[PDB]
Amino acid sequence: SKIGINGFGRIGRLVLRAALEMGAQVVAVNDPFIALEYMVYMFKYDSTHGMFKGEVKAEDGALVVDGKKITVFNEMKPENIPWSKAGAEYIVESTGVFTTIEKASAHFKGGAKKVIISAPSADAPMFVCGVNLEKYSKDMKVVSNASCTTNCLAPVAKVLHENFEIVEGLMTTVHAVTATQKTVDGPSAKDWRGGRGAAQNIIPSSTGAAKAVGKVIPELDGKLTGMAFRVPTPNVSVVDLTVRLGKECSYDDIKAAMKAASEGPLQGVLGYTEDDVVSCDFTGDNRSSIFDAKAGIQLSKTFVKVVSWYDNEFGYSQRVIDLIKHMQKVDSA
């Protein structure tokens, strides 16, 4: 699908695993810091998701994954990456720093057609698969796939709001550790709690996730907000949404509405389970949000707490490829 990836960090590298897994075609990778023999090692071994089953080798200055030759570039500034040379047209911008339309637009100088920011953007239209893809029009040059917690929250909020109306809600995500955290207490000037030892601590943290759902589902703007607790697990997180509903209902109506949407309009985005699951059961899960039927609780006919799991690395990687596929189809119709 002429995909180029900028950044070979955790998201770039798993977006590449996802593409391979989904039959997609990545033709170029850019990273200023990882050299090609290091790229091979990093792609091949993964402590959370297992060793890549397939051949990964460096051959003539290209990364070669199961025969697929991927051109590698090591440019510092996006404007200088020669995307056109590899034939990379739609590029996943995963560095975390070129996230606004102006900045992401620097990929057009090297011949990119469209840029997909895999992070919240302050101004590029944000998409969540299964919720607002019909808003995408081929004239959008730079889009964003929002965050992995927005991709978990927005499914479950779409179903709750369509059927019972969300009057207001407050969310907590119990989130696995990330790369921005510290093995032992270290400096983190912009977030003091975030520099404290990640394996030792439950750490309060912020999240713009519930805010961003107000952008993906405009009717929920200003009705949701939340926070995060980082806890010592390597991956897979859980949204805990407490919501005041507009229409009286039972918990079995909430379970029935969620099962119905996982079977139809949100098939493959929203999952449904009634088992005694814990977080390791969703390592490698491709869905954006998996509603846990037995964990939620209802205090009253309009006040309830809903629980939804997400593999914060893997489901979001798979959604980046889904948004590119949707985009391509819309741009060639």
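From 1 onward, residues are counted along the sequence shown.
**Student:** Mind pulling up the entry and telling me whether 240-248 or 128-136 has the higher mean Cα temperature factor?
**Tutor:** Per the deposited B-factors, the answer is 128-136.
**Student:** Averaging C-alpha B-factors over each stretch, which comes out higher, 93-101 or 249-257?
**Tutor:** Stretch with the greater average CA B-factor: 93-101.
**Student:** From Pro120, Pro234, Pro78, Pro218, which pick has the Cα B-factor that tops the rest in the entry?
**Tutor:** So the option with the highest C-alpha B-factor is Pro78.
**Student:** Among the choices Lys301, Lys69, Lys44, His49, identify the one whose CA B-factor in the record is greatest.
**Tutor:** Comparing C-alpha B-factors across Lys301, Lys69, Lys44, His49, the top value belongs to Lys69.
**Student:** Split the chain's modelled residues into thirds by Cα B-factor; is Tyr272 in the lowest, middle or highest one?
**Tutor:** Answer is lowest: the recorded C-alpha B-factor places it there.
**Student:** Can you work out whether the C-alpha temperature factor of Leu266 puts it in the lowest, middle or highest third of the chain?
**Tutor:** Middle third.
**Student:** Based on the deposited C-alpha B factors for this chain, I'd like to know if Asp292 is in the lowest, middle or highest third.
**Tutor:** Ranked within chain, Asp292 CA B lands in the lowest tercile.
**Student:** Among all modelled residues of this chain, ranked by Cα B factor, put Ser84 in the bottom, middle or top third, i.e. lowest, middle or highest.
**Tutor:** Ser84: CA B-factor falls in the highest third of its chain.
**Student:** For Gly186, return the chain-relative third of its C-alpha B-factor as stated in the PDB record: lowest, middle or highest.
**Tutor:** For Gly186, the deposited C-alpha B-factor lands in the middle third.
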